[PDB]
Amino acid sequence: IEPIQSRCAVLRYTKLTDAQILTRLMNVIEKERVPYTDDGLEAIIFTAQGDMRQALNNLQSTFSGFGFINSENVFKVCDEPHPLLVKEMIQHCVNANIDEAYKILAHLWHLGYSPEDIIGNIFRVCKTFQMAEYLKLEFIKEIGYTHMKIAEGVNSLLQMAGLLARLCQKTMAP
Amino acid sequence: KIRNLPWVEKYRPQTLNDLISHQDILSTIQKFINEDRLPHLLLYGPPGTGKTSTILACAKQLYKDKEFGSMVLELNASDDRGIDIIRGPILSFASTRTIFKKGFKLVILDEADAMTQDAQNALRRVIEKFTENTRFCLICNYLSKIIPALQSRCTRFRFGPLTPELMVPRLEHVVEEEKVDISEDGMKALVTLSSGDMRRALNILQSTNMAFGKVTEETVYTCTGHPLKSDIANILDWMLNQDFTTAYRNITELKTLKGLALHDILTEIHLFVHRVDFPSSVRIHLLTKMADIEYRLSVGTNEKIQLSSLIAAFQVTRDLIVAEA
Amino acid sequence: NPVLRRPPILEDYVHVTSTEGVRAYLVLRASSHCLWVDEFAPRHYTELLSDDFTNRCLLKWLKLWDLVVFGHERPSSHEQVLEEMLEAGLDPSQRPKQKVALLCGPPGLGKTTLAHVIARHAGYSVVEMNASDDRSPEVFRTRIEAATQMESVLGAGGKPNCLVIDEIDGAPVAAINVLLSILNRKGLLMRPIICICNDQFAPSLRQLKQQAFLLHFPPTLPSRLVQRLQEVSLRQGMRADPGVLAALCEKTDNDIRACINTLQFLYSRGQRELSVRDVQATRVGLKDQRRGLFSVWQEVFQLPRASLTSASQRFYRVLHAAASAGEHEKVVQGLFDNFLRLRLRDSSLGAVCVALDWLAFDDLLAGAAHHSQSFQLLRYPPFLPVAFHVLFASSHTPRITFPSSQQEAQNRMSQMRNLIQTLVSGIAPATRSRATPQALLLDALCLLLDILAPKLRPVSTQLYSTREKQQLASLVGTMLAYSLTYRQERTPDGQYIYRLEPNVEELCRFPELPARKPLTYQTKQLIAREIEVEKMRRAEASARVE
Amino acid sequence: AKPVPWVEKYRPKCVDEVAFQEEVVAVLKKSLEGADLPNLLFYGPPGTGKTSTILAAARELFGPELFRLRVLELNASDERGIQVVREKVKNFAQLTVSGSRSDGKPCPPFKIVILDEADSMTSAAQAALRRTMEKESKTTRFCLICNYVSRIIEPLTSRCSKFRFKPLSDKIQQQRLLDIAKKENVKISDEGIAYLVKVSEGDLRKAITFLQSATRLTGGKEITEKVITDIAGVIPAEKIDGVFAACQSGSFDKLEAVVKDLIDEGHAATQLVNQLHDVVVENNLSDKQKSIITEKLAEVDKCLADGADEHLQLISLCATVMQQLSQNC
Amino acid sequence: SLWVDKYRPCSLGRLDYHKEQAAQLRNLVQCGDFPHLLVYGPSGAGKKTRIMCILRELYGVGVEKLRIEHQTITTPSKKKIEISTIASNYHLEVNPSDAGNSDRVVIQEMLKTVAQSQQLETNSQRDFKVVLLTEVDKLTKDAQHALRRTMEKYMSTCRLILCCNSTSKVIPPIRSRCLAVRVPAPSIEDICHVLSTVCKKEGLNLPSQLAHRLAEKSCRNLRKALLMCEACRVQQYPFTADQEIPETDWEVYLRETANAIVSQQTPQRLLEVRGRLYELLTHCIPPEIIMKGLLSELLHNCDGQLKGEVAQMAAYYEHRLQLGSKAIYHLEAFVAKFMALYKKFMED
DNA sequence: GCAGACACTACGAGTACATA
Ligand SMILES: Nc1ncnc2c1ncn2[C@@H]1O[C@H](COP(=O)(O)OP(=O)(O)OP(O)(O)=S)[C@@H](O)[C@H]1O
Ligand SMILES: Nc1ncnc2c1ncn2[C@@H]1O[C@H](COP(=O)(O)OP(=O)(O)OP(O)(O)=S)[C@@H](O)[C@H]1O
Ligand SMILES: Nc1ncnc2c1ncn2[C@@H]1O[C@H](COP(=O)(O)OP(=O)(O)OP(O)(O)=S)[C@@H](O)[C@H]1O
Ligand SMILES: Nc1ncnc2c1ncn2[C@@H]1O[C@H](COP(=O)(O)OP(=O)(O)O)[C@@H](O)[C@H]1O
Ligand SMILES: [Mg+2]
Ligand SMILES: [Mg+2]
Ligand SMILES: [Mg+2]
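Rules behind the numbers
- Sequence order sets the numbers: each chain starts from 1, possibly unlike the entry numbering, and residues with no coordinates are not included.
- Following the order in which they are written, the chains are lettered starting with A and the ligands numbered starting with 1.
- The structure shown is incomplete relative to its larger assembly, and all values pertain to the part shown.
- Only hydrogens and water are removed before side-chain values are computed, so all heavy atoms of the structure are retained for them.
- Residues with missing side-chain atoms are left out of burial classes, side-chain pairs and their counts.
- The helix count covers DSSP runs of H or I at least four residues long, the strand count covers runs of E at least two residues long, and both are numbered beginning at the N terminus.
- The quantity called the radius of gyration is restricted to C-alpha atoms. Its globule counterpart is 2.2 Å times the number of residues to the power 0.38.
- Whether a residue is buried, partly exposed or exposed follows from its accessible area with a 1.4 Å probe, protein chains only, as a fraction of its type maximum: under 20%, in between, or over 50%, in that order.
- The contact criterion used throughout is that any non-hydrogen atoms of two residues lie within 4.5 Å.
- Areas reported as accessible are Shrake-Rupley estimates using a 1.4 Å probe. Residue values count occlusion only from the protein chains shown.
- In this count, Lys and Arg are taken as positive residues and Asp and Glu as negative ones, while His and the chain termini are left out.
- Charge coordinates come from a single atom per side chain, which is NZ of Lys, CZ of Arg, CG of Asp or CD of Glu.
- Two parts placed together each lose some accessible area under a 1.4 Å probe, and the buried area is that loss summed for both.
- Salt bridges are identified by distance alone: a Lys or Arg side-chain nitrogen within 4 Å of an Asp or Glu carboxyl oxygen.
- Only strands joined by at least two bridges in the DSSP assignment are considered to pair.
- Each axis is a line fitted through C-alpha atoms, taken for helices only over the stretch in contact, and angles between the N-to-C directions span 0 to 180 degrees.
- For each residue, the test is whether any non-hydrogen atom lies within 4 Å of the molecule or strand; if one does, the residue is near.
- Any pair of nitrogen or oxygen atoms within 3.5 Å is treated as a polar contact; in protein, a donor-acceptor pairing is required on top of that, and neighbouring residues in sequence qualify only through side-chain atoms on both sides.
- Each residue is assigned to one class: nonpolar for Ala, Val, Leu, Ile, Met, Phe, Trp, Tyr, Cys and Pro, charged for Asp, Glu, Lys and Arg, and polar for all the others, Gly among them.
- Marked domain ranges trace back to an automatic or database domain assignment.
- Throughout, nonpolar core names a set of buried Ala, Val, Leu, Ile, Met, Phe, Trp, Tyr and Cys residues whose side chains join them through atoms within 4.5 Å.

The deposited coordinates for this entry were obtained by cryo-EM, with a reported resolution of 3.0 Å.

Laid out in structure tokens, this is it:
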């Protein structure tokens, strides 16, 4: 509440820069004697996404499972972050390109992601995406209309493809 | 001895070697167990991929049968898991020692997506403060229902869908131990209709073995009720080649003779549309139309009218496709 | 081209045929011991930082209490109402007509500081009530009765007890009821009570505002605030030019406590000169502010006056502040009640149509969240005020009123449903089953009221015709079947009228309809008299039959 | 010796009396022989036999003396919250299987939990059922009955072996109705039974109800086709031809007049949608006109499924097909 | 007593219209094994008269001796709700739509207590009881889904006669379980015959032209027609051919609201129309009847190439109204869309 | 030995809210 925040110096922490994670990664690596490559540590930083707990967890998992930090050893047990692909698929939906958007949607579907998580990351990407304001508003309305159908019980690849096609229709309908 | 159990519970991977698909994740988990450094796990993925069985094999490997009640506190959605439980029994289990033998404890929280946000917020410092004495495993299907603090505290392993290449030998083992006659197309139909889920594959195998006694593509597609690929191709050929009354008569005759449902027809037609080299506008219109029909079938609607609309969605775009040239 | 006239040679193909029968092919594949807010805290009256009026008003309110407490005759727009009410006189109990003073405003101005300074200045002894007490109604009652209803234990020369109740808005409804019960004892209240709150529009402080000395706190002026921050920085021996102090004042919302705490964190002892980029950074001193409803509606309906001209920044600002305000239903009601009163430039009503689409989308989302128990659908109705801001962005000065049409419509609908339930229950069960209340309301009320009110001459029953007697008896029977009667009613103008006991004319008549001739006083009195004598005759007939 | 209506009098008492659901009947028959009965999920159109199959099966497996101690039947007519699933279903599933049949017939070593009408169960209450079936399946079995499988969550769908109850074919429904008519001392013509199996559309409960009601209406004489037509609410063809004549006229006044005629004569809009669609898919209209008329028919049938007003949906559908018929004029 | 209740028929053989249906209902309930009934049709057709005639045929003459019964039911939220109930010595009538969204609690608790209890006297009263569920089209889907097993388990002991206006609002699980009985509205000649018989039984004379105008103005509603016939008797005893028939206030208020819609298409006129719709909604008029009256009057002032789009617009916004919860949003959206379409039509 | 007084926990009741 506001009276508690007025009683303090409200300090605000930002998400960690990759070099700031990288320095403590050097620290943990030299006290733990972890063999590594540079690209594997960029993969660890990419999987962490500003989270130092996730960086240490993924580094320990890659060191315990394989004993060496390259890119494909990291990506064998960790995963690429989900909304970085959702940003490119929303960008493909912006230029009314249904084929690449469905390619990314089917890739995320075959990875085992539930429709709720996919539509939530779609809404978070469309929240901060760079387009027109009215186009963003009708996109958010379409996302909520599809999320109603997801919530009532019907959740298949056909509903998500229909959402993608309606988002492509919103661009071509001024 | 013989037991009266379903085949999805009679044949359970009690050890980590009996699971098939996620070999790198299970190798890392076995190296965590063997080096006595198992962290807080977050096992998430689609259903039927083996997340409960993995942690049950881990708990069976870590602790013997004479001390299993003193080490594993397993709580799922069937039990009440409120903030009273997190501040009560879970905290007292986490903050105390073991009765019989010295070792680290394990708190398994199955269906952690169904927990409230108050319990998940109260779970953070129980995980962080007592990480030397006990480890917490959260198993969920939806990662969006878990707060980001719990996702940060627990290292996540995505138990993705089971690919049909490594899913075959487990079904072969179940077939060999169950004395089941199965052809190659029957196993192909099992691993196709299962779609990355070993639970419904065993359910389909048991239901087809009880219904027919044999597992063939005809028997599997009859017991499940799914349409075959040739009939979906024929339905697409009728919708793209002939006029409204003849295609309607052909599809209605096929649906009456085979006893098909429109949901599986819509799913397979949606899969066949993206393979067929359609124009972008035609594909967008078709996807919107089949989304409307599949939404419409979720209520007390007439299926014949929706089938006529399914034919209509292709009869609209036939002229557009032909005049596109 | 995705469509091939010639068939593919190697790839699989799917045929497509039009209605004209031609073919096409596709592909299937102690300086250091204290806070700076406490070290620089005011101890005298002359070092207060509030608005001067509010200080004069509180001091003059406390200085008139001397006649009853100290036993001395001599002590030594919102402006006009407060100046009139101070000199309004006294009731016959030598005590003020306002028995408590309510201090309202945003946090961080000095309401508690002004209350304590004024109480210690007027010879009183401060008794502090806070939210850290139990605040149960019995505990509240005994603590007010202990603070206000006895004198000091020291006897002569003991300072009288001034009850200061901080955070009265967090008190329950029964605590305010206990306070108003001890306020209106006619055991009289002999000591002043000061109440301090952060929001006057709380539902628990509705009655208090009709009885208190309502003191509204404006935000502090930037000049006095910057000068006081300069005194604070100079007493600590460090330099900050007044541009960065004005930036801190604009960032912390005229807050003395937040600015002094932010200066205490940013100064420390490593450096002496404050940089502008440190204050302009968001990493320290920024707090989320609970915006008011009217500020949210003003920021939605009015564009900011002229960087900050980008539309995406206005989108994010409107969305974040409308989410940070809270009470989303009241914001939706205000947007519904205020978007048709603007000078709309969309004469084709497309913006109004899509705004109503957005409102129906919000309503559908609320129903789907409250029906399927899926509350993750509530992330989108925060985008309704930013949709209204995008649609109706204007540079004018709109007069935003409070929403009340939906609430008065719901109250009126509940009142007419209660009236319908009253009408149905009086009807005998033989004829209640023959028609639903919906069909009786839609079909059998206005025509029923046309049956009950015919053309009747002001003539006594002895001079009436036999047809008139049959009509009168039939109408009295229809009145008695539906359990209706006329009664006496009083009017402030001084005349008597007759009206139905179930007043079903409001269920029937509509305001914009043309008028119809009602029955007269003679006719209505005569009908009510036959209703009573028909009830008596029916009782006599029931006694004769049984 | 009280009378009993024919839908309950001819309710299957055993598994062999269930019609046309051959795969699931064979599955329960092998479970009757002693095979491993899995967790069942029954879904399909109404009147197909989802409740009666599992009730006759449980009567076959348990008999009369063990139905109360081994079968817990829960429907939407009683309370099924999160607490009923957490307490009552879990305490029943944690019970012991004790008590054998006294007639010498074999007794299965499990209990049966019948959660009929499981669409009405919440998503939270369905999530509490998952490890109840995963843990206590040694001593109990679960059978969820629903109409729409989309209302069942994907863990519960994956846990239960799904059997889809197909709509009944014309032949099997014809023999079942003829056997019921033979057992009841009543007679019906070939055209009458053909119109009965055309009207019922795979609903055996509706067919038995119409046959019983025609028997009571006629009193015991010949059940002809006309009593079937006036007992089913089937709109006569003259009204449909009048509707199409008003649509081909191109004026909204005659369209309103015939829509008000059809509304005031009590004809349901579902029957009008069905008969209108049957006329449109079997005439000489163009493919585009048939396409958007059938799309409007689908959206009007959907709008009637959420309980919208009859008159406005009928006037919208009639306006759309009026515009389609008068576009080519 | 009014004319709608004084001259209601008692037995099935006294009905002046739908006599063949009366004989069919006489033959239907004679044996006693008749299934659940779904009496549906337009309002004012005579559905409740036929249901009470069926109840008179089954039991004695004791089905006309009714009483008001009150029952308090406990919600899952532990809030007590009182529901009224017409009950007799043989049958009982429930209106669960008076409980609002808590009709599912009424079905789950009130109906099971009636259905699970066998009748106290088995010789005077018959082997089964009848429960009258009136206005099941206004029932929520949860209450209808809670209804179905009660109509299957205790059917041979507790019979049901469901009454509604539209069977589209009834779920097909309920619609499969009950035999649908269609009661159409009487035509102009049947309403004229009923009005002439009522006027002759009262000693009056009714012309054919006035009875015809009363029949057309009631829109085939016999209750409404008898009410305006009684009102026309009250206002003027000489029944002239051109005697003015009184009208209900909400219908002419809806007509003036639609006239105000047609007269101006501006945002402040939209605000005034929203105030008129608030006045209509606060008088407990259902919103679908407001939409029907709006389409009935606004189509008189539309041109011939505009009526179809207005009809489709009204149906679409009525469906969105039935999907939503707040009526004023969808009503004002329909009005605003009509003003936009009317302005685009007139300006071009 | 039995009546009165003390604090103790279990239970009933009212209210708020559920998103990024
Ligand atoms: N990887 C696997 N290898 C072998 N059998 C498997 C595998 N995954 C699932 N199964 C079979 O499917 C059954 C159910 O597996 P579970 O571990 O319960 O699935 P799950 O991961 O828990 O999915 P949810 O989200 O809990 S429904 C097991 O008892 C096995 O018979
Ligand atoms: N003139 C002043 N110079 C410096 N500090 C001051 C001055 N006046 C007040 N303060 C400090 O600023 C704060 C004033 O706020 P308070 O009176 O304690 O609470 P409030 O202003 O009523 O706001 P809330 O709602 O209680 S958080 C205290 O910490 C005082 O020490
Ligand atoms: N396959 C069938 N074989 C024999 N009689 C059947 C069959 N299906 C339905 N019936 C008859 O119709 C009645 C109703 O069948 P039910 O099993 O209740 O239908 P249902 O599957 O439960 O439909 P829903 O989904 O509950 S509305 C039974 O009592 C039988 O008299
Ligand atoms: N056969 C008939 N003969 C005379 N009057 C009738 C007849 N049928 C109905 N009525 C009158 O018409 C009105 C119709 O109302 P009701 O019977 O409740 O049907 P609904 O429930 O459809 O309104 C009743 O008030 C009744 O008095
Ligand atoms: Mg599991
Ligand atoms: Mg204060
Ligand atoms: Mg059933």
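Asker: Please give an account of the overall build of chain B that cites residues and values.
Answerer: Helix and strand counts for chain B come out as 16 helices and seven strands. Against the compact-globule benchmark of 20 Å for 325 residues, chain B has a radius of gyration of 25 Å, which places it well outside the compact range. Taken over the C-alpha atoms alone, chain B extends approximately 75 × 45 × 35 Å along its principal axes. Going through the 325 residues of chain B one by one, you find that 61% of them count as buried. Partitioning the intrachain contacts of chain B with sequence separation of at least 6 by distance along the chain shows that 77% fall at a separation of at least 24. Surface accessibility of chain B: about 12800 Å² in total, with carbon and sulfur atoms responsible for 51%. Looking at chain B, you have 40 positive and 40 negative side-chain charges, and the mean spots of the two groups are 8 Å apart.

Asker: Go over the interface of chain B and chain D with me, naming the residues and quoting the values.
Answerer: Taken together, the contacts link 61 residues of chain B with 52 residues of chain D. Between chain B and chain D the total buried area reaches about 5000 Å² when both faces are included, carbon and sulfur atoms providing 50% of it. For chain B, the biggest contributors to the area lost against chain D are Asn4, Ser78 and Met210 of chain B; these three give 15% of the whole. Connecting chain B to chain D are nine salt bridges.

Asker: Describe the sheet that holds strand β3 (residues 100–104) of chain C, listing the residues and the values that go with them.
Answerer: Residues and elements named next belong to chain C. The five strands are arranged β4-β5-β6-β3-β7 in an open sheet whose pairing can be described as parallel. Two strands lie at the open edges of the sheet, namely β4 (125–129) and β7 (213–216), each paired on one side alone. For this sheet, the mean angle separating the axes of adjacent strands, direction not counted, is 20 degrees. Alignment of strand β5 (residues 161–166) against strand β6 (residues 193–196), held across four bridges, turns out to be parallel. The residue of β6 that forms the bridge with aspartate 166 is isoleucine 196.

Asker: Tell me about the site of ligand 4, and please be specific about residues and values.
Answerer: Inspection of the region around ligand 4 gives 17 residues, with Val4, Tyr17, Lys47, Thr49 and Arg223 of chain E positioned closest. The environment of ligand 4 is shared, with nearby residues belonging to chains C and E. One of the side-chain N or O atoms of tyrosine 17 of chain E is found 2.8 Å from a nitrogen atom in ligand 4. With the chains in place, 94% of the 560 Å² that ligand 4 exposes on its own is no longer accessible. At the level of secondary structure, the elements contributing two or more residues to the shell around ligand 4 comprise α3 (47–58) and α10 (222–235) of chain E. Of all the elements, α3 of chain E adds the most residues to the shell around ligand 4, at four residues. Partitioned by chemical class, the residues of the shell around ligand 4 number seven nonpolar, three polar and seven charged.

Asker: Report on the domain arrangement of chain A, specifying residues and quantitative values.
Answerer: Residue and element names in this part refer to chain A. According to the domain assignment, chain A consists of domain 1 (17–80) and domain 2 (81–172). On a C-alpha basis, the centroid separation for the pair domain 1 and domain 2 is 31 Å. Taken together, the contact pairs five residues of domain 1 with seven residues of domain 2. Of all residues in domain 1, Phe46, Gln49 and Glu80 bury the most surface against domain 2, accounting for 89% of the area lost on that side. The interface formed by domain 1 and domain 2 includes zero salt bridges. On inspection of domain 1 and its partner domain 2, the count reaches one residue pair in polar contact. By residue class, the composition of the side of domain 1 that touches domain 2 is one nonpolar, two polar and two charged.

Asker: Please give an account of the environment of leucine 38 of chain B that cites residues and values.
Answerer: All names here are of chain B. With respect to the helices and strands, the residue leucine 38 is situated in the loop between α2 (23–34) and β1 (41–44). Taking relative accessible area as the criterion, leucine 38 reaches 3% and is therefore assigned buried. Through-space distance from the C-alpha of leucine 38 to that of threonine 28 is 9.8 Å; in sequence the pair is ten residues apart. If we ignore the near neighbours within four places in the chain, the residues touching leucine 38 are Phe32, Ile33, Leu62, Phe104, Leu106 and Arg135.

Asker: Give a description of the site of ligand 3 that names residues and reports values.
Answerer: Around ligand 3, the structure places 23 residues, and the nearest of them are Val7, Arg11, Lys50 and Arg205 of chain D together with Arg177 of chain E. Contact between ligand 3 and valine 7 of chain D: an oxygen atom at 2.9 Å from a main-chain N or O atom of the residue. With respect to ligand 3, the backbone of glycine 47 of chain D contributes an N or O atom lying 3.1 Å from an oxygen atom. Broken down by secondary-structure element, the contributors of at least two residues to the shell around ligand 3 are α3 (50–62) and α11 (204–218) of chain D together with α7 (172–177) of chain E. The residue inventory of the shell around ligand 3, partitioned by class, reads nine nonpolar, six polar and eight charged.

Asker: Could you give an account of the protein's contact with DNA strand F, naming the residues involved and the relevant values?
Answerer: As a matter of local geometry, DNA strand F sits amid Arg124 and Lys127 of chain A, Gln117 of chain B together with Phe375, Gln376, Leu378 and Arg379 of chain C. Counted by atom, the contact set of DNA strand F within 4 Å of the protein is 48% sugar and phosphate. One nitrogen or oxygen atom from the side chain of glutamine 117 of chain B is found 3.3 Å from a phosphate oxygen belonging to DNA strand F. Taken together, the residues of the surface near DNA strand F sort by class into two nonpolar, two polar and three charged.

Asker: Lay out the nonpolar core with the relevant residues and their values.
Answerer: Counting residues in hydrophobic clusters, the biggest one holds 227 residues, and the most contacted among them are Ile269 and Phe314 of chain B together with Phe301, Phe339 and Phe388 of chain C. Examining the composition of this core, we find that 13 residues originate from one element, helix α15 (residues 327–347) of chain E, more than from any other. Residue contacts for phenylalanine 388 of chain C: discarding those within four places in its chain leaves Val300, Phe301, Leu335, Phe339, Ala355 and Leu359 of chain C.

Asker: How would you summarise the interface of chain B and chain C if you had to cite specific residues and measurements?
Answerer: In this assembly, 16 residues from chain B lie in contact with 15 residues from chain C. Those elements that provide at least two residues to the side of chain B that touches chain C are α12 (229–241), α14 (262–275) and α16 (303–324) of chain B. Looking at the side of chain B that touches chain C element by element, the count peaks at five residues for α16 of chain B. Tallied by class, the residues present in the side of chain B that touches chain C amount to eight nonpolar, one polar and seven charged.

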